[PDB]
Every structure is written in C-alpha cells, then in structure tokens.
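Following: one structure in structure tokens, then a few remarks.
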C-alpha cells in the first residue's frame with residue numbers, strides 16, 4: 219500500500235484524438251501557502267475612504283485555497299488547439315477526472331537571518347469539493363490563479379474569499395457567513411492521494427465557424443420576389459409633387475428593400491474608440507463616456523457585453539470601449555499599461571448575424587406623419603430581443619474562460635456566458651484546499667484563549683485534470699479552400715508559443731475558435 | 219494499514235436533519251501540553267492565609283488532560299440552532315460517537 | 219343512501235405537513251343568490267357618457283355564480299404560512315380536490 | 219338506514235354492578251343555542267376600570283359549546299353512590315363511551331309580538347372531540363354547565379371560551395388565538411348520530427376509607443422501646459439547678475417522646491373562621507386575612523388548598539377560610555349569600571395522617587443555645603415535603619369534580635388535583651358542538667362583506683355517557699361494625715334527594731366517599 223516512500227501517482231499530460239472524442243489530460247506542480255495565519259477575516263471597502271460608491275463591498279477572506287482550471291489553455295497545447303479549431307465545427311465537454319497526488323508538506327523556520335526548510339511527514343492537508351453548490355461559487359469571474367499554460371510551470375494556489383450583500387461598507391441582515399471547516403473534508407498525509415469524477419450536463423456545442431452568408435443576403439440573386447414594397451410616395455418627374463402611392467417588386471437591383479424572414483441579434487451600444495490616437499477625442503472618456511448598467515445605486519461598467527461585431531468592413535482601427543476581450547502580453551503591468559502590451563480580440567466572424575457594437579441597431583419612426591408634419595425617424599441604440607431574431611454567441615479563446623455557473627434564478631434569457639464559455643447550471647464543483655494548522659508549543663498552564671502561535675508551513679504536490687470532449691466533425695461541400703490558423707512562415711527571433719532565451723513562456727496572440735465556415 | 223505517512227481519519231463537521239433525528243458531527247484541532255512536569259501534586263487552600271473559611275479546599279492536580287464537549291455550541295451552528303429551536307418542541311440526545319485521529 | 223335527513227359531508231380544515239408534502243384542506247359556508255332574475259344581460263360602457271375611451275367595454279352578465287379559491291390565505295393559516303416561508307425554499311401545488319355538500 | 223323519521227338511539231340510564239366492575243350509563247336532553255351570533259370575540263378585563271390587578275384577563279369567547287360530564291352526580295344516583303362508598307375501598311374509571319343522537323334543529327322567528335318555532339330538517343350541527351389535546355383544556359375548573367344530577371332535567375350547553383397570556387387588558391406576543399373551525403369536525407343532520415370511545419390511563423384507586431390509627435400512635439401500647447431520648451437536661455429536685463444530661467426510654471407513659479418512622483403530610487396554613495359569629499373578629503378579613511399565592515404580580519387566593527384536616531377533635535365550629543369545598547344548597551344566590559345556604563364539606567377522616575388546616579405544622583429551634591442564651595423555638599407555618607412524609611389526598615364528593623388535566627410541564631409533585639379527583643395526563647377529550655350558521659337572504663348584488671344576517675336557530679337532542687369503573691373490594695377482619703352512610707330514619711316534610719312539591723330536585727348535603735376504615 220501507500221506510504222512515505224512510494225509515490226501517489228504518475229505524471230500525465232497527453233491528448234487522445236479518437237474519432238469524435240478528444241481526451242486532454244494535464245498535470246502541474248503547485249504550492250499552497252498558509253493564508254491569513256489560519257483565519258477567516260471580514261474584508262470591506264466603504265465610500266468613507268477614497269473609494270467611490272460603485273467600488274464598495276463586504277465579504278470574507280478565508281484561509282482556504284482553491285484550484286482553478288477554468289481556462290482553455292490549461293487543457294490544450296497550441297498544436298492541439300490548432301487541430302481542434304481547424305478541423306471541427308463544434309465541441310463541448312463531456313466528463314472530467316481530477317487527482318491530487320504526491321503531497322509534500324514542509325515546515326520552514328527562521329533563526330536570525332538564515333532560513334531552513336524540512337519535511338513534516340505527519341502533517342496533513344484538507345480537501346473537499348463542493349458538489350452540492352452550497353458555497354459562493356467564485357469561479358467564472360476570470361480571476362488569475364489558473365494552472366499555467368505551460369506544463370513546466372509551478373503555480374501558487376490562489377486564496378479563496380467571497381463577497382456578500384452590503385450597504386456601504388456595512389453588512390445587512392441577509393449577509394451570509396460561511397465557515398469552510400463546517401463541511402466534511404478529506405485529510406491527506408504524504409502517502410494519501412485524492413480523486414473525483416464529474417460529468418457535464420448536456421450543453422449546446424460551441425459553434426466554431428463563421429457564416430459564409432450574411433443574414434440580409436439569404437436571397438436568390440437571380441429571381442425577383444412576388445411581394446411588393448412601397449417604393450415611391452410622390453409623383454416623380456412631374457411639374458407637381460402630388461403624392462401618389464407607387465409599389466414595386468424588389469429584386470437584384472434593390473436588395474435592401476426585400477422582405478426577409480429574420481432579424482439581427484439584439485444590440486446594446488458601446489462607445490467607439492480608435493487605435494489611432496489622433497482620431498480619438500481629447501479628454502478622458504474611458505469611464506465617463508462608458509456604457510454602464512445601474513443596479514441598486516451602483517453603476518457597473520458593461521464588460522465585455524453582449525456579443526456584437528467589433529467593427530464593420532474595412533475599419534480595423536475602431537473597437538468598442540468595453541466590448542472586446544483584452545488579454546495582456548507576457549510580462550505586462552497591472553495598471554495603466556500602454557496599448558502595445560494588451561492583445562485586443564476582435565469578432566469579425568459574427569458581423570453576418572450580429573450588429574456592430576459601436577453603431578445603432580436601426581431606425582424607427584418617431585411620429586405619425588401628416589400633410590403638415592414631416593416624417594421623423596429615431597435611432598434605436600439599445601434593442602432587446604424580438605421574435606424572429608437570431609444571433610451568434612461570443613467566441614471562446616485559447617486564453618479565455620471555459621464555462622460559467624448559470625445563477626440559480628426564476629428566469630434567464632439565453633443562459634450563455636457573456637465572456638464566452640459554456641453556461642452550466644451545475645458546473646464543475648470548486649475544489650478547496652488548506653494546510654491543516656499545526657500549533658506551536660502551548661503554555662504549560664491552561665488558558666482559555668485560542669492558540670495564536672503556529673508553525674510556519676506550506677505544502678506542494680502534483681495535480682491532474684483530464685477532460686473528455688465531444689467534437690462535431692466538419693462536413694461541407696464547399697469547393698474552394700477554407701481559412702486555417704497557420705503560424706507565421708517567415709523567420710523570427712524566436713518561436714511563437716515557446717520559451718525565450720530566459721525560459722519565459724509566452725503566447726503572442728489570442729486565438730479564436732472560428733476559422734471554419736457554414737451557410738447561415 | 220496505518221503508518222506515519224497515511225492519515226488516521228477525515229474531517230467531519232455537518233448536520234443531518236432527517237425526520238425526527240438530527241445528527242450533528244464536529245471536529246476540532248487541539249494541543250495537549252505537559253502539565254506539572256508529569257507529576258501528581260497535592261493542592262490545597264487554608265483559612266490560615268488570606269482565604270476565608272468558605273474558600274478552603276483540598277485535592278490533587280494530575281498531569282492528565284481531558285476533553286470537554288459539554289456545551290451546546292460545540293455541537294451546533296447558530297443556523298442549526300435556529301432550525302432546532304424554531305421548529306421543534308423538545309429534543310434529547312440519543313447516542314454519541316467519538317474519535318481521536320491524526321496524532322502529531 | 220343520502221336523503222333530506224342525512225348530511226352530505228363533514229367539515230374539514232386542517233394541514234398535514236408530511237415530509238416534502240403539505241396538504242391543506244379548508245371548508246367554508248356560502249350563500250348563492252339569484253342574480254339578474256335568471257337573465258343574461260348585455261352590459262356595456264361607451265365614451266358617449268362621462269366615461270373616457272380607455273374605460274369602454276362590452277360584455278354579458280350571466281345569472282351564474284362562481285367559486286374563487288385563488289388567493290393563498292384561503293388555503294393557509296398564518297401559522298401554516300409561517301412554517302412554509304421560514305423552513306422551505308420553494309413550493310408548488312400538485313393536485314387539488316373539491317367538494318360541495320350540505321345543500322339547503 | 220337512518221332518516222328523518224327513525225330515531226338515532228335509545229334512552230339509557232342504568233348501573234350494572236358486576237363483580238369488581240360497575241358500569242354507569244346516563245342520558246340527558248340538552249339544548250344548544252347560538253352564541254355570539256356565530257362570532258369569535260376578544261374579551262378582556264383591565265385594571266383601568268373598577269377591576270383590580272388580580273382580576274385582569276385576556277382571552278376569546280367562541281360560538282362553540284361544550285359538554286361537561288365531569289361531576290360525579292352526573293354518573294351516580296344517590297343509591298348507587300351509597301353502594302359504592304359503603305361497600306368498597308377504592309374505585310377508578312376504566313373506559314367511557316359517549317353518544318349524541320336524536321338531533322332536532324329548530325328555527326325560530328318573530329312577527330310583531332308573536333313567536334313561532336319550526337323544524338329545519340336540512341340544518342346541521344358540528345361536533346368534534348379534541349383528542350390530540352391541542353386546545354385550551356377548560357374542563358376541570360369546576361364550572362357550571364354539567365349534566366344535571368337528575369335524569370329528568372333538561373340542561374343548556376355552556377359556551378366555550380378560553381384565556382390567554384395578558385399584560386393588563388392587553389395581550390403579549392405569546393398570546394395564542396385558536397379558531398375552532400380549523401379542526402376537522404363531523405356535521406350531523408337530524409338522521410345522523412355521533413359516538414366515540416375513550417380509555418383511561420392507569421391511575422391510583424381513589425382511596426375511600428378513614429384510617430383506624432393515627433400516624434403518631436402506630437406503636438405497641440404494651441412494650442417499651444430500646445431507644446433513648448433526652449428526657450432531662452437539668453438536675454431535678456436538688457438545691458442547685460446544675461445541668462446534667464439524663465436519658466430515658468419512652469413507653470406507654472410518654473408516647474409523645476417515642477421515635478417514629480414517619481412524618482405527617484405537608485402543611486400550608488389557612489386562616490381559622492368560626493361558624494359562631496360572636497367568636498370571629500369584627501372586621502372583613504375574608505380577602506385581607508386570606509392565604510394567597512403570588513404569581514407574576516397577581517395575588518391568587520389559595521382554594522381549596524392542600525389537603526389538610528378541617529379541624530381538630532371536639533371543634534366542629536372552626537373551618538379554614540379557603541380550605542373546605544363549599545357547595546350551595548338548591549336555589550341559592552350567586553353573590554353574598556348567607557351561611558345557611560352553602561354546604562360546607564369537612565375532612566374529618568384525614569386528621570390521622572394530615573395536619574389540621576388552621577394550625578401550625580410544628581416547632582423548630584430558632585437559635586443555637588448557650589449557657590447565656592435561652593433556647594428559642596419558632597413555629598413552622600408552611601412546610602414543604604420532606605423524606606419520610608405521608609399524607610392523604612382530598613376526598614371526592616357526589617357533587618364534586620371527577621378528574622383534572624395534569625398540565626404538561628417539566629415536573630410535578632404528586633400530580634393529584636387539589637379539588638380532589640383523578641389527575642390525568644390525557645384526560646377525556648373535551649367535546650365541542652355548534653349550530654352550523656345558516657344565512658338569511660343575501661342581497662341580489664354582490665358584496666365583499668361577510669354575511670351579517672342569520673336565521674335564529676337552535677338545536678336539541680339526547681346525549682349518553684357510559685363509564686366503566688374498577689372497584690377495590692373491602693377485605694377486612696375488623697370485628698365491630700363500620701360506619702355507614704344512612705339516610706335519616708326520622709320523619710320529614712319530604713324525602714331527601716327527591717323532588718319537592720314543585721318538582722325541584724335537591725341534594726340536601728354533600729356526601730364524601732370515606733366511611734370505611736383501614737389500618738394506617
């Protein structure tokens with residue numbers, strides 16, 4: 219059986235492409251510190267400080283840590299991603315499998331200036347998975363702390379905390395406080411290992427492709443319609459303008475006037491920003507000119523927002539202020555970092571079905587005309603969903619979030635995450651882990667107070683997560699060649715998606731999933 | 219079997235409300251020092267000192283320690299206490315179960 | 219069998235809280251008059267009177283009456299409502315049963 | 219089957235004396251009116267009026283009525299009572315059986331000055347028995363409204379109401395309100411009948427007998443004791459009084475000094491009142507000089523009190539103020555009625571084991587003696603229960619209550635009712651009855667308000683209750699004759715326990731149950 223001298227598992231990273239299933243397994247090495255000196259702590263931010271009313275919060279920061287595998291590049295190598303996005307229309311997860319193994323718990327002490335570290339063989343850790351969804355589910359907010367993209371990186375496990383209802387910095391009566399030690403957990407020593415399995419609930423395949431037809435152009439270019447439209451309301455060419463109702467059949471000449479069975483997806487406008495600096499207005503409109511939503515007296519910037527085409531044809535320089543997912547390049551600052559450091563994603567492929575983010579949805583009439591009163595047409599900046607309306611969801615990326623938890627609520631509309639992903643009602647249960655506190659020597663005379671002196675301690679180990687995927691094979695009679703994701707053919711100082719001289723891994727650009735085409 | 223590298227048990231805190239039975243489990247981490255340098259000692263207080271006649275005693279202080287779970291809040295969370303006292307007229311214990319494990 | 223001198227049913231008001239099911243029964247005493255002297259009648263309101271255009275209607279008023287149990291407090295006592303809303307997240311009806319009896 | 223023209227049951231009054239079982243059945247005719255016009259009503263009394271702080275209450279008066287059979291003479295004829303109390307030591311109920319039948323519901327209306335009454339054959343009544351004990355249990359307070367003693371009397375069913383926690387006339391948050399229509403009840407028309415059965419929980423036989431030995435006299439009159447007592451602390455007869463401890467054996471000469479294994483029952487003193495007017499003090503001490511108990515700021519007279527001998531030997535004129543059960547003679551007023559109208563019961567038979575009500579329990583020392591300080595002895599007026607203490611319960615009467623409900627509580631001491639009776643934890647379930655309201659003609663145009671106009675209506679019928687009893691036969695070797703209950707041999711204007719010229723039944727005297735003797 220297991221013991222201090224026999225390893226708890228084996229390293230696995232691999233991808234098994236079998237028919238329609240691709241099974242991706244991965245493994246990393248982690249280190250879990252001691253957070254908050256084994257304490258839960260109230261954390262809050264009020265408007266009495268320098269903070270504003272939108273930035274207030276109230277919540278708790280627990281000593282527990284948690285594993286987050288929720289980004290795609292955790293599970294896919296750039297070459298396995300290329301096989302996926304080039305050769306397949308859609309993919310969805312089926313089941314996953316998860317393991318902790320090879321647990322090394324280490325005590326570390328300080329004598330003057332020297333440091334020394336040593337195994338503690340009797341120490342434990344605590345691991346439970348929240349499979350009844352009874353805790354604040356904090357995954358899916360696109361926080362840092364995921365497994366690294368690159369299998370040779372060692373990563374620090376992030377601290378678990380949660381937010382609760384507040385009023386200002388103060389808490390209200392509905393505010394919940396959760397004690398994570400109040401669950402059953404599994405205590406593991408260095409010989410022990412951990413495992414669980416999970417099976418995804420049925421979800422629509424992520425549709426990875428671009429339509430080969432725009433929504434308005436579904437017509438036959440050759441044949442006229444038998445339907446009529448109102449072409450001309452005035453007498454044409456005569457010495458008088460006497461109004462006369464003239465009708466016409468729309469056809470290849472006027473295709474903007476044809477009747478159509480469907481409408482574009484819903485529009486919620488964004489502000490337009492140009493990459494060229496000279497064009498943008500001179501002021502700071504980033505927050506002020508932003509598109510926000512007002513909930514309970516707190517203005518919240520709308521990010522990334524509803525899926526909407528980034529820009530129209532032959533304008534690549536304009537992008538919606540809050541609209542696009544923005545990834546930073548390797549080694550980029552957290553605050554006020556210049557444009558060249560971030561990587562702006564763009565949705566070109568949904569221009570067909572979805573309206574441009576920075577432009578109006580359309581035009582409606584504002585008034586009832588009269589012989590005296592001219593007709594007036596207003597702009598529709600924000601448009602909810604109407605019957606006969608189709609749209610595309612936002613695209614997933616190699617760097618972006620895999621799924622999200624659909625909040626438990628009375629109703630939702632198209633419960634698909636706005637960052638892109640797979641909306642799940644019962645998402646993969648978040649896994650929590652902590653170093654079991656080991657006390658320093660108590661006094662020899664009894665004391666009621668809790669023990670405030672602990673041994674400085676941390677643990678390390680190996681974690682493996684294996685997700686089975688369901689692929690939708692591309693079956694198409696298109697004659698000409700597709701567009702594929704290909705690496706740059708020309709020479710470069712170093713390979714892309716590979717280490718540099720110093721060993722720093724880097725991902726040069728965001729890679730979306732839609733290179734294939736279908737008919738709209 | 220058990221050894222230096224395999225843990226002796228798992229953490230359990232939970233409350234199972236089932237019909238008329240509620241089963242409350244709990245777990246804590248403790249530290250047991252060395253009392254009296256491994257000695258029994260006579261202890262006493264007389265009235266010959268500043269003490270009065272009511273406060274006199276005679277007894278022994280052993281090196282042994284002891285577990286006391288005898289308060290309610292050891293076994294109940296304020297929310298599990300609210301389910302109890304709001305929804306039920308009476309309650310009595312039936313049986314208990316006790317474990318030490320993971321000894322360092 | 220039934221007749222003029224034997225009652226058609228028994229009074230029932232009660233609430234049976236059993237596991238996940240709560241079964242609420244209720245009983246009332248009613249009186250049904252003669253409406254419209256046994257007549258259907260056209261009723262309407264036009265804008266030619268003092269009424270406005272939004273308040274116009276056209277319809278019929280029948281001699282028939284109808285039972286409406288469609289409010290919650292018909293079926294729940296304030297104490298049975300407190301057991302519901304305090305101790306449970308969600309509730310939905312499953313089936314109902316309805317009786318007229320003791321007709322005078 | 220049953221109908222309007224066939225009767226629902228037969229009349230039964232009888233007593234079956236069989237071995238150790240006596241089975242007493244009874245039947246009466248009742249009339250149940252319409253109380254409160256079919257309304258529950260808050261009732262209260264505050265101290266803001268003429269009322270005092272002790273007399274405040276808060277509660278509700280329901281339209282429902284209730285059957286009370288809880289007095290003995292409901293179930294026993296004076297001759298059946300004589301067979302019981304003369305020939306048997308103890309008796310307890312076993313089971314009962316209860317029936318309503320022959321239900322006549324009648325409407326009554328007023329035209330000018332004339333009155334007219336008529337059957338309503340379709341009308342119902344509602345009857346439930348509260349067998350889960352979920353209502354205020356109001357039986358056992360010795361209220362009026364029981365079945366009449368005499369089978370030929372027709373009695374009016376009393377109104378049901380209950381009291382709840384108050385503060386002043388106002389109600390507190392724990393105050394309960396009960397709606398009796400919220401139970402399942404059985405609705406009966408004129409053809410229907412009602413029945414239920416009930417089985418008494420095991421109870422100690424009521425001990426009906428007087429002890430033939432006093433508690434202190436259990437000794438042998440012939441033989442001395444081997445034990446010694448302190449007879450004399452001083453030198454006797456000498457020229458000096460030098461204290462010397464002398465001991466002696468108690469015997470036939472001094473039996474007050476003997477050692478004894480037991481003590482008398484507990485004592486809570488009462489004030490002594492003489493029937494002779496010249497002896498009593500001149501003032502009104504009835505309430506002021508009373509023995510009361512103070513509960514939640516309300517002084518409550520202690521009535522009848524703990525069982526204690528009414529008076530000692532050769533004093534029949536003194537009685538404890540609140541101590542004795544007091545029955546009124548036939549046709550006596552409710553308020554300030556003269557002495558000759560009430561019938562005072564007396565406990566002679568418990569003088570043996572129990573202390574006299576109007577006298578102290580005993581004497582204890584108040585101080586530690588010294589050669590300087592004389593010994594001081596105080597009186598014990600109220601004495602709780604000590605180990606090695608025996609007593610008798612108060613006696614039941616032909617007119618008095620049969621049982622009581624032992625309140626549901628964490629603890630009780632000797633849960634036997636202080637009025638006398640059988641304390642039951644699950645007493646016979648109180649039976650509630652009401653006339654189902656029948657509306658007067660509603661208006662022809664709908665109205666939200668509840669229907670305030672009803673048909674004036676009442677019902678009548680026949681009720682039967684049959685109780686099986688368990689007797690403890692008297693088995694005794696006493697040579698000489700007992701004392702028996704015998705009617706007056708001498709002539710009189712009319713028979714006792716029988717009608718007078720005008721048809722008025724009367725019971726001339728209270729009849730206790732203890733004429734037999736046992737050895738203490």
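Protein chains in written order, with the entry's author numbering: chain E, 219 to 738; chain A, 219 to 322; chain F, 219 to 322; chain G, 219 to 738. Yeah, the Cβ is synthetic: ideal placement off N, Cα and C, and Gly gets one too.
Count the other C-beta atoms from every protein chain shown that fall within 10 angstroms of the C-beta of residue i, then say buried if there are 16 or more, exposed otherwise.
i                      : result
residue 427 of chain E : buried
residue 252 of chain F : exposed
residue 282 of chain G : buried
residue 613 of chain G : buried
residue 535 of chain E : exposed
residue 639 of chain G : buried
residue 525 of chain G : buried
residue 538 of chain E : buried
residue 527 of chain E : buried
residue 491 of chain G : buried
residue 696 of chain G : exposed
Return yes when the Cβ of residue j is within less than 8 Å of the Cβ of residue i, no when it is not.
i                      : j                      : result
residue 309 of chain G : residue 689 of chain G : yes
residue 573 of chain G : residue 583 of chain G : no
residue 363 of chain G : residue 261 of chain G : no
residue 488 of chain G : residue 540 of chain G : yes
residue 683 of chain G : residue 287 of chain G : yes
residue 407 of chain G : residue 223 of chain F : yes
residue 734 of chain G : residue 700 of chain G : yes
residue 220 of chain E : residue 691 of chain E : no
residue 576 of chain G : residue 433 of chain G : no
residue 654 of chain E : residue 343 of chain E : yes
Measuring only the C-alpha atoms, how far is residue i from residue j?
i                      : j                      : result
residue 642 of chain E : residue 622 of chain E : 6 Å
residue 462 of chain E : residue 589 of chain E : 13 Å
residue 357 of chain E : residue 348 of chain E : 12 Å
residue 606 of chain G : residue 470 of chain G : 24 Å
residue 336 of chain E : residue 324 of chain E : 5 Å
residue 630 of chain G : residue 412 of chain G : 36 Å
residue 240 of chain A : residue 306 of chain A : 11 Å
residue 618 of chain G : residue 416 of chain G : 21 Å
residue 480 of chain G : residue 608 of chain G : 7 Å
residue 303 of chain E : residue 246 of chain E : 25 Å
residue 458 of chain E : residue 451 of chain E : 13 Å
residue 320 of chain F : residue 340 of chain G : 8 Å
residue 676 of chain G : residue 625 of chain G : 34 Å
residue 227 of chain A : residue 312 of chain E : 33 Å
residue 729 of chain E : residue 562 of chain E : 11 Å
- Task: Would you mind listing the beta strand (DSSP E) stretches within the stretch 447-479 of chain E that are 3+ residues and don't spill past its ends, in chain order?
- Result: 461-467
- Task: Check distances from the C-beta atoms of the stretch 272-283 of chain F to those of chain G and list, in chain order, the residues that come in under 7 Å.
- Result: Shown here is that no member of the stretch 272-283 of chain F has a Cβ falling below 7 Å from a Cβ of chain G.
- Query: Using a Cβ cut-off of 8 Å, which residues of the stretch 399-428 of chain E contact any Cβ in chain A, in chain order?
  - Reply: 399, 400, 401, 402, 403, 404, 405, 406, 407, 408, 409, 410
- Task: Report the residues of the stretch 657-669 of chain G with a CB closer than 9 Å to any CB of chain F, ordered along the chain.
- Result: 657, 658, 659, 660, 661, 662, 663, 664, 669
- Message: So within the stretch 245-295 of chain F, which uninterrupted beta strand (DSSP E) runs reach at least 3 residues, ignoring any that extend past its ends?
- Response: 259-263, 275-279
- Runs of beta strand (DSSP E) lying entirely within the stretch 350-405 of chain G, each at least 3 residues, in chain order: 372-374, 377-382
- Interface positions of the stretch 314-346 of chain E facing chain A (Cβ-Cβ less than 9 Å), listed along the chain: Under the 9 Å Cβ criterion, the stretch 314-346 of chain E contributes 338, 339, 340, 341, 342, 344, 346.
- Message: Any C-beta of chain E within less than 7 Å: which residues of the stretch 238-255 of chain A qualify?
- Response: 247, 249, 251, 252, 253
- Message: To be precise: take each residue of the stretch 644-657 of chain G, compare its Cβ to all Cβ atoms of chain F, and keep it if any distance is under 8 Å. Which residues remain?
- Response: 654, 655, 656, 657
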